[PDB]
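Chains as they are written, first to last, in full-length UniProt numbering: chain Y, 1120 to 1177, 1184 to 1342; chain E, 2 to 117; chain B, 896 to 1007; chain Z, 672 to 727; chain S, 2 to 215; chain V, 62 to 104.
Note that the Cβ used here is the ideal one computed from N, Cα and C, for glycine as well.
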Amino acid sequence: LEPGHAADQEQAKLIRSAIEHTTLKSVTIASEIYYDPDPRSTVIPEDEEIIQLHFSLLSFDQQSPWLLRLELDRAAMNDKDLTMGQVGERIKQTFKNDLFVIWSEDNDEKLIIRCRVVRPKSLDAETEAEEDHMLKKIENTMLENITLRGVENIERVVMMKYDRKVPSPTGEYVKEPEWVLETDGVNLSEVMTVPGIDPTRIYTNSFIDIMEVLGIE
Amino acid sequence: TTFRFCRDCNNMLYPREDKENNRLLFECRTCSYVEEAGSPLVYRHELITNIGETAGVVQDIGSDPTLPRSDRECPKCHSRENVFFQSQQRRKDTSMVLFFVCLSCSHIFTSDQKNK
Amino acid sequence: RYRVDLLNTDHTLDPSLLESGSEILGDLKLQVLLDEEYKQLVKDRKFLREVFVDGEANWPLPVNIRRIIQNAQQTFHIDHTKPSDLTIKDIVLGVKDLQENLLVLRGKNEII
Amino acid sequence: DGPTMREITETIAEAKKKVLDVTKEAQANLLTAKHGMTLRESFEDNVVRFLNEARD
Amino acid sequence: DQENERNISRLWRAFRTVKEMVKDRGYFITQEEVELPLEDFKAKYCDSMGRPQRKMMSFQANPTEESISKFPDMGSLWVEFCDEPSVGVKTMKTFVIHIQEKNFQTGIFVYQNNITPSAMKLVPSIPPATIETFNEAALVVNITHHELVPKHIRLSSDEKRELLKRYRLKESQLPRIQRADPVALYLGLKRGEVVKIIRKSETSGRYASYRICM
Amino acid sequence: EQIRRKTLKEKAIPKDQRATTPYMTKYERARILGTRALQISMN
Ligand SMILES: [Zn+2]
Ligand SMILES: [Zn+2]
């Protein structure tokens, strides 16, 4: 960590959230595809209250009737510092305006996000035949190719409290504890640049990546 | 997801968009068979799974001599004697929760307290 | 352990330690030598804390000074009660010329 | 001698009791998972730690 | 504006690393502009509505008098920061002719994401003008401040000749550093330049190795 | 190279500027003892 923020447990938690690669596969309980004939009211009875805020907030005349729902895990919102808004805005910016996305609130008993593909104005006599397969292909690249937060090639980050020896102001060497982030996987060029860490003390087990990033000495 | 097959040639049915009614209808790709979908759900994919944990429960599961016996209370018929086993799904991240099969009424009950 | 002051009392030197122990209080050039030696020791401490960040004191080094000190104590029968014949300037200059005599490379140019 | 063997047997028995308690907590799904490892890995780590400290 | 603050912090750290790079190369960069804070960074290098601009970020440096005494063969240096993510052929051509018309022997181009190969091929220019391209992501963190990276000091021609004479060495008998090493790119090493590397030693306190650039 | 080339008289460093150690090495001592003992064993 940063030397002025070495003992801050919550700041190390923020760094762990900032560097650990979290995708939708680690958070989603299930992925389902439904047929809702109109994008005004859903046919599923459990998310009636979810749609009726977001549909009233707003386009819908050029949306596909196929709906992609993802149900997420409450515990996955707990171990990883994630909320519905961050995931929703990340999915929105990955797919731009080509996929209209709404999400349930964090206080809802069911963590449901809903997605619809916007259709063009051109007539398509054969695209709707494979529209289910296209939505399945969108759902496939949705699960693993979307990084919610963190940098790539980082499997998981664990948090140790090591005991370094620091010169005391009286002159002695005291065993000052420090919160240290151990990591699985190496992305040393990217992990070094994030704020809140000490980039002068970052060490990597892979000395090959040290030479490529820091130098031969 | 309840896969459905054609009643004429026994091939599986696939959803079709129609502009006459805008409803969900399942179509056979072989003999042009049409039928009405009983559910809007056309595809489901679970990343965490809760089926297969009780796989292998049969009418004579208690005839297995290798299965351990417990003295737990069956909450359907109040019988002490029963067999038990762990979750049968072989995922690395599965829990160690025990499933108990009563040998008097063949009822499955778990030792999970988080669920209960 | 290291600071010797001939002008104050907080880090003064006991006159019983050496023969010329009474007349060196209030000296100036000897105090200059002590200030130079203590400044070199402080620079050594800072350099060692820069090199060994963990502050480890025990490191592998060539010549066991402690054994040589003990051999001199037992060879010449140091009673640690009689005042010493050593003068402080002699000690400082002897340590300095010993440092100049520790030769690993015998070249006569600036790089070597 | 006999008292030491009784004390050793008591140590092994109390470690087996701790292992049984951890097993009951895991089988009731009341055992939380340590960070970076699964439920079964944490259970195995706890059991191995208890048995090793019993032997020591 | 949450991403914009993150990019502004990255650009400010890259500017500090560039200033430290230019100061370590021997050019005159004062200390107070090295530790220019982020609030003064946004007060000068950012516009009214918030986007940091890079055209007036580009600056000019001159070697110190000590560096003239040691290296009496280099003059000024020009450091340019780019705006567009992909640098085209035309912007690179304008940069190299701006270097040519102001008589700069060294030019540091700090691009954003990538250099097109059509513009990368003319990065070699007329001698003695040298062009160095640096990516902004690789310059967020100064590598020289890392505890593993020891002190690299570029040797002059007479220092290199004396080093080869006193150890009775050839060029090939020296330890090597490649001309893609991050410290070599930080110091702007050309082929055949020797750096004295001063490092901490657990057996002798200080140790001075030497590496020639290949 | 730069200070010495081929097999001229510049191969021989003059005595006034010898930079090697003035102490006999263990390998030097071993080979001097071996050579002298071999000569003495041959009269
Ligand atoms: Zn059919
Ligand atoms: Zn029963």
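Residues near residue i by beta carbon distance below 8 Å, same chain, minus five either side
i                  : result
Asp25 of chain S   : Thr145, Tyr187 and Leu188
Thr1318 of chain Y : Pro1324
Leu928 of chain B  : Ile983, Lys984 and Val987
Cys78 of chain E   : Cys103, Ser105, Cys106 and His108
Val1282 of chain Y : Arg1135, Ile1138, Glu1139, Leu1306, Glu1307, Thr1308 and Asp1309
For residue i, the three-state DSSP class (helix, strand or coil)
i                       : result
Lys695 of chain Z       : helix
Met1317 of chain Y      : coil
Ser70 of chain S        : helix
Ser71 of chain E        : strand
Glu932 of chain B       : helix
residue 1183 of chain Y : Missing from the coordinates: residue 1183 of chain Y, inside the break in chain Y from 1177 to 1184.
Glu172 of chain S       : coil
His79 of chain E        : coil
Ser979 of chain B       : strand
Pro674 of chain Z       : helix
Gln63 of chain V        : coil
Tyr88 of chain V        : helix
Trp79 of chain S        : strand
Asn115 of chain S       : strand
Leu901 of chain B       : coil
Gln61 of chain S        : strand
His906 of chain B       : coil
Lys705 of chain Z       : coil
Nonlocal neighbours in the same chain, by C-beta distance under 6 Å from residue i, ignoring five residues either side
i                  : result
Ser210 of chain S  : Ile198
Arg92 of chain E   : none
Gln90 of chain E   : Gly53 and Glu54
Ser1136 of chain Y : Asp1206
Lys103 of chain S  : none
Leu702 of chain Z  : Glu696
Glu1315 of chain Y : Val1276
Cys1240 of chain Y : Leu1193, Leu1224 and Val1226
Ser713 of chain Z  : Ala704 and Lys705
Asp922 of chain B  : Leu901
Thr95 of chain E   : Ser88
Residues sharing a beta bridge with residue i, DSSP
i                    : result
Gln60 of chain E     : The partner list for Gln60 of chain E (beta bridge, DSSP) is empty, contrary to what the question assumes.
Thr134 of chain S    : S:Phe110
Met1285 of chain Y   : Y:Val1305
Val124 of chain S    : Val124 of chain S pairs with nothing; no bridge assigned.
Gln1188 of chain Y   : Y:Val1243
residue 1 of chain S : Residue 1 of chain S lies beyond the stretch modelled for chain S, which goes from 2 to 215, so this question has no answer here.
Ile1227 of chain Y   : Y:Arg1239
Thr111 of chain E    : E:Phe100
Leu913 of chain B    : B:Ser979
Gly206 of chain S    : S:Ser202
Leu1195 of chain Y   : Y:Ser1150 and Y:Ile1238
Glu4 of chain S      : None; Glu4 of chain S has no bridge partner.
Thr1272 of chain Y   : Y:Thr1142
Sequence-distant residues of the same chain with beta carbon closer than 7 Å to residue i, five excluded per side
i                  : result
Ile1271 of chain Y : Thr1142, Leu1143, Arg1215, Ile1216 and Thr1219
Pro1292 of chain Y : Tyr1298
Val58 of chain E   : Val102 and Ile109
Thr1329 of chain Y : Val1311, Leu1313 and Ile1335
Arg1289 of chain Y : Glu1301 and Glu1303
TODO: Please list the residues of the segment 1264-1290 of chain Y that have a C-beta atom closer than 7 Å to any C-beta atom in chain B, keeping them in chain order.
DONE: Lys1290
Task: Members of the segment 91-113 of chain E that neighbour chain Z once the beta carbon cut-off is set at 8 Å - done: Within the segment 91-113 of chain E, contact with chain Z at the beta-carbon level (separation under 8 Å) is assigned to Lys93, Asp94, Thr95, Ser96, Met97, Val98, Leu99, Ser112 and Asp113.
Open item on the list: Tell me which residues of the segment 691-704 of chain Z have at least one Cβ-Cβ distance to chain E shorter than 7 Å, keeping chain order.
Closed with: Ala697, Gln698, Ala699, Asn700 and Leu701
TODO: Anything in the segment 174-187 of chain S with a Cβ closer than 8 Å to a Cβ of chain Y? List those residues in chain order, please.
DONE: Against chain Y - using a Cβ distance shorter than 8 Å - the residues of the segment 174-187 of chain S are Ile178, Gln179, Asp182, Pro183, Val184 and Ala185.
Task: Completely contained beta strand (DSSP E) runs for the UniProt zinc finger region "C4-type" (7-32) of chain E, where each covers 3 or more residues - done: 14-18 and 25-29
Open item on the list: So if I threshold CB-CB distances at 7 Å, which residues from the segment 144-177 of chain S count as touching chain V?
Closed with: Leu165, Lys166, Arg169 and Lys171
- [ ] Entirely within the segment 1123-1158 of chain Y and at least 3 residues each: give me those beta strand (DSSP E) ranges in chain order.
- [x] 1147-1154
Task: Chain-ordered residues of the segment 922-953 of chain B with a beta carbon less than 7 Å from chain Y - done: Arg944, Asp949 and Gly950
Task: Chain-ordered residues, beta carbon under 6 Å from a heavy atom of ligand 3 - done: With respect to small molecules bound, the structure shown includes ligand 1 and ligand 2 and not ligand 3.
Open item on the list: To be precise: take each residue of the segment 702-723 of chain Z, compare its Cβ to all Cβ atoms of chain E, and keep it if any distance is under 7 Å. Which residues remain?
Closed with: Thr709, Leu710, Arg711 and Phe714
Task: chain S contacts made by the segment 960-979 of chain B, where a contact means CB separation under 9 Å - done: none
Open item on the list: Which residues of the segment 54-78 of chain S have a Cβ closer than 9 Å to any Cβ of chain B? Give them in chain order.
Closed with: none
Task: Interface positions of the segment 37-53 of chain E facing chain Y (Cβ-Cβ less than 7 Å), listed along the chain - done: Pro41, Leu42, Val43, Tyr44, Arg45, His46, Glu47, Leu48 and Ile49
Open item on the list: So if I threshold CB-CB distances at 7 Å, which residues from the UniProt zinc finger region "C4-type" (7-32) of chain E count as touching chain Y?
Closed with: Taking 7 Å as the Cβ-Cβ cut-off against chain Y, the residues of the UniProt zinc finger region "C4-type" (7-32) of chain E that qualify are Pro16, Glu18, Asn23, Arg24 and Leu25.
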